[PDB]
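Asks: Contents of model_33.txt (compact mmCIF, C-alpha atoms) are below:
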```txt
# COMPACT_ATOMS: atom_id res chain seq x y z
CA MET J 1 0.00 0.00 0.00
CA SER J 2 2.92 2.39 0.62
CA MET J 3 4.39 2.38 -2.91
CA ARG J 4 1.00 2.21 -4.67
CA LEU J 5 -0.57 5.09 -2.72
CA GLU J 6 2.71 6.93 -3.23
CA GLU J 7 1.92 6.55 -6.92
CA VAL J 8 -1.71 7.72 -6.68
CA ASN J 9 -1.13 11.10 -5.03
CA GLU J 10 1.97 11.80 -7.13
CA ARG J 11 -0.01 11.07 -10.30
CA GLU J 12 -2.97 13.16 -9.19
CA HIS J 13 -0.36 15.88 -8.90
CA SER J 14 -0.47 15.75 -12.70
CA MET J 15 -4.28 15.74 -12.62
CA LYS J 16 -4.45 18.73 -10.26
CA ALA J 17 -2.29 20.78 -12.62
CA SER J 18 -4.32 19.45 -15.57
CA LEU J 19 -7.63 20.80 -14.28
CA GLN J 20 -6.01 24.11 -13.32
CA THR J 21 -4.45 24.53 -16.77
CA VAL J 22 -7.81 23.82 -18.40
CA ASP J 23 -9.30 26.51 -16.14
CA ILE J 24 -6.91 29.03 -17.70
CA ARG J 25 -7.91 27.64 -21.11
CA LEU J 26 -11.58 28.23 -20.25
CA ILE C 1 10.45 30.06 5.22
CA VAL C 2 6.97 28.66 5.60
CA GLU C 3 4.01 29.47 3.30
CA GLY C 4 4.12 33.30 3.23
CA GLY C 5 2.85 35.94 0.83
CA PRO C 6 4.46 38.04 -1.92
CA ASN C 7 6.08 39.89 0.96
CA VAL C 8 8.14 36.79 1.77
CA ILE C 9 9.09 36.57 -1.91
CA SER C 10 10.64 40.03 -1.59
CA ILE C 11 12.12 39.00 1.79
CA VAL C 12 13.69 35.92 0.15
CA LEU C 13 15.12 38.13 -2.63
CA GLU C 14 16.55 40.39 0.09
CA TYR C 15 18.10 37.57 2.16
CA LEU C 16 19.49 35.78 -0.90
CA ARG C 17 21.18 38.97 -2.09
CA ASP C 18 22.67 39.46 1.38
CA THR C 19 26.36 38.54 1.47
CA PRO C 20 27.09 36.41 3.63
CA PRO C 21 24.62 34.25 1.68
CA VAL C 22 22.00 33.30 4.29
CA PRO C 23 20.54 30.01 2.98
CA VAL C 24 16.79 30.06 2.51
CA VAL C 25 15.38 26.76 3.75
CA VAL C 26 11.92 26.81 2.19
CA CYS C 27 9.55 24.40 3.92
CA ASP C 28 7.08 22.67 1.63
CA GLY C 29 3.44 21.63 1.92
CA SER C 30 2.48 24.81 3.77
CA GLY C 31 1.62 26.16 0.32
CA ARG C 32 1.05 29.66 -1.20
CA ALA C 33 4.43 31.49 -1.71
CA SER C 34 6.56 28.56 -0.56
CA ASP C 35 4.63 26.49 -3.10
CA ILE C 36 5.61 28.95 -5.88
CA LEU C 37 9.24 28.63 -4.70
CA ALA C 38 8.77 24.87 -4.25
CA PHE C 39 7.25 24.16 -7.66
CA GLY C 40 9.92 26.44 -9.06
CA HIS C 41 12.73 24.35 -7.56
CA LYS C 42 10.77 21.18 -8.36
CA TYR C 43 10.91 22.03 -12.07
CA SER C 44 14.01 24.27 -12.20
CA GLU C 45 16.21 23.99 -15.30
CA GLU C 46 19.10 26.27 -14.28
CA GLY C 47 18.57 29.05 -11.76
CA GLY C 48 15.50 31.14 -12.48
CA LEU C 49 14.74 29.41 -15.78
CA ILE C 50 11.56 27.33 -15.53
CA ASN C 51 9.47 26.18 -18.47
CA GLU C 52 6.52 27.90 -20.15
CA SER C 53 3.61 25.78 -18.89
CA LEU C 54 4.93 25.93 -15.34
CA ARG C 55 5.58 29.67 -15.59
CA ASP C 56 2.05 30.52 -16.68
CA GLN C 57 0.69 27.98 -14.19
CA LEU C 58 2.75 30.00 -11.70
CA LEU C 59 1.12 33.11 -13.18
CA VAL C 60 -2.24 31.51 -12.32
CA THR C 61 -1.05 30.73 -8.78
CA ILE C 62 0.16 34.33 -8.36
CA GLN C 63 -3.19 35.44 -9.79
CA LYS C 64 -5.05 33.22 -7.31
CA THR C 65 -2.86 32.66 -4.24
CA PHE C 66 -1.67 36.29 -4.31
CA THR C 67 -4.46 37.67 -6.60
CA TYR C 68 -1.81 39.78 -8.36
CA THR C 69 -3.05 40.57 -11.89
CA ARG C 70 -1.21 38.92 -14.83
CA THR C 71 1.30 41.75 -15.40
CA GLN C 72 2.20 41.85 -11.69
CA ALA C 73 2.37 38.04 -11.85
CA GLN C 74 4.97 38.39 -14.61
CA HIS C 75 6.62 40.95 -12.30
CA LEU C 76 6.86 38.44 -9.45
CA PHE C 77 8.02 35.96 -12.08
CA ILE C 78 10.93 38.33 -12.76
CA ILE C 79 11.55 38.35 -9.00
CA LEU C 80 11.04 34.54 -9.19
CA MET C 81 13.96 34.37 -11.63
CA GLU C 82 15.99 36.76 -9.45
CA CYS C 83 15.42 34.66 -6.30
CA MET C 84 15.55 31.14 -7.88
CA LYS C 85 18.95 32.19 -9.37
CA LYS C 86 20.57 31.03 -6.06
CA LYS C 87 19.05 27.51 -5.85
CA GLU C 88 22.15 26.61 -3.81
CA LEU C 89 20.66 28.65 -0.96
CA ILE C 90 17.09 27.38 -1.48
CA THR C 91 16.72 24.12 0.47
CA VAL C 92 13.34 22.46 -0.11
CA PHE C 93 11.90 20.72 2.96
CA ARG C 94 9.64 18.44 0.94
CA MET C 95 8.31 16.10 3.59
CA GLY C 96 6.70 12.93 2.25
CA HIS C 97 10.74 10.54 8.48
```
Taking this structure as input, can you express it in the form of structure tokens?

Replies:
Amino acid sequence: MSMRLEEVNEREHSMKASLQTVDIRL
Amino acid sequence: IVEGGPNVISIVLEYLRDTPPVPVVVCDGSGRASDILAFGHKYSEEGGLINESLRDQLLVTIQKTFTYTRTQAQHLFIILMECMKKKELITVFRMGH
């Protein structure tokens, strides 16, 4: 669980910047 | 440094330019200005050079976390370059023992 949930939050780091960049694009 | 406003960005630029070079340990996770410095050093090419998508994402975070309008966000991006120039004094405390 430690390495996998390390992966989830670090990959939703990409998703958090993805929604914020689309907010600038909208 | 923890979190802080644009005022701590100017304070960091002051303390960096002080000689003897007082190292700026910027603690992470607290967010706001230390997150601009943190995501700068997280994606820092060489000194104050960071890429285009991260610089205008930083313009959004200066336009939201600081609510500085886009020109003043480019202004604090010029101060971002001037501060990030001394990454050897910036010490990111990215916790996550």

Asks: Could you check the closest approach to residue C:65 for each of C:36, C:22, C:79, C:49 and tell me which residue wins, using all atoms listed in the file?

Replies: C:36

Asks: Would you list the residues near (22.9, 36.4, -0.6), meaning any protein, DNA or RNA residue with an atom at most 12 Å from that point in file coordinates, counting only C-alpha atoms, as a ChimeraX atom specification?

Replies: /C:11-24,82-90

Asks: What does the file look like for those residues with C-alpha atoms, as an mmCIF file, in the frame of the given file?

Replies:
```cif
data_model
loop_
_atom_site.group_PDB
_atom_site.id
_atom_site.type_symbol
_atom_site.label_atom_id
_atom_site.label_comp_id
_atom_site.auth_asym_id
_atom_site.auth_seq_id
_atom_site.Cartn_x
_atom_site.Cartn_y
_atom_site.Cartn_z
ATOM 1 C CA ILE C 11 12.120 39.000 1.790
ATOM 2 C CA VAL C 12 13.690 35.920 0.150
ATOM 3 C CA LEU C 13 15.120 38.130 -2.630
ATOM 4 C CA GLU C 14 16.550 40.390 0.090
ATOM 5 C CA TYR C 15 18.100 37.570 2.160
ATOM 6 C CA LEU C 16 19.490 35.780 -0.900
ATOM 7 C CA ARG C 17 21.180 38.970 -2.090
ATOM 8 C CA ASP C 18 22.670 39.460 1.380
ATOM 9 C CA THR C 19 26.360 38.540 1.470
ATOM 10 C CA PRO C 20 27.090 36.410 3.630
ATOM 11 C CA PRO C 21 24.620 34.250 1.680
ATOM 12 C CA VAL C 22 22.000 33.300 4.290
ATOM 13 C CA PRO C 23 20.540 30.010 2.980
ATOM 14 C CA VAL C 24 16.790 30.060 2.510
ATOM 15 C CA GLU C 82 15.990 36.760 -9.450
ATOM 16 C CA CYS C 83 15.420 34.660 -6.300
ATOM 17 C CA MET C 84 15.550 31.140 -7.880
ATOM 18 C CA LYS C 85 18.950 32.190 -9.370
ATOM 19 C CA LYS C 86 20.570 31.030 -6.060
ATOM 20 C CA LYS C 87 19.050 27.510 -5.850
ATOM 21 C CA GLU C 88 22.150 26.610 -3.810
ATOM 22 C CA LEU C 89 20.660 28.650 -0.960
ATOM 23 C CA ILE C 90 17.090 27.380 -1.480
#
```

Asks: Using all atoms listed in the file, find the residues of chain C whose closest atom to chain J is at most 10 Å away, then write them as a PyMOL selection string.

Replies: chain C and resi 53-54+56-57+60-61+96

Asks: Take the selection from the previous step and output its residues with C-alpha atoms, as a PDB file, in the frame of the given file.

Replies:
```pdb
ATOM      1  CA  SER C  53       3.610  25.780 -18.890  1.00  0.00           C
ATOM      2  CA  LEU C  54       4.930  25.930 -15.340  1.00  0.00           C
ATOM      3  CA  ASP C  56       2.050  30.520 -16.680  1.00  0.00           C
ATOM      4  CA  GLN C  57       0.690  27.980 -14.190  1.00  0.00           C
ATOM      5  CA  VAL C  60      -2.240  31.510 -12.320  1.00  0.00           C
ATOM      6  CA  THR C  61      -1.050  30.730  -8.780  1.00  0.00           C
ATOM      7  CA  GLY C  96       6.700  12.930   2.250  1.00  0.00           C
TER       8      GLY C  96
END
```

Asks: Calculate how many Å separate atom CA of residue C:48 from atom CA of residue C:95, rounding to one decimal.

Replies: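 Straight-line distance from atom CA of residue C:48 to atom CA of residue C:95 works out to 23.2 Å.
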
Asks: Rounded to one decimal place, report the atom CA of residue C:80-atom CA of residue C:28 distance in Å.

Replies: 16.5 Å

Asks: Quote the spacing between atom CA of residue C:91 and atom CA of residue C:70 in Å to one decimal place.

Replies: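 One can read the atom CA of residue C:91 to atom CA of residue C:70 distance as 27.8 Å.
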
Asks: Calculated over only C-alpha atoms, which of the candidates C:2, C:72, C:64, C:92 has the smallest distance to residue C:39?

Replies: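 Result for the nearest residue to residue C:39: C:92.
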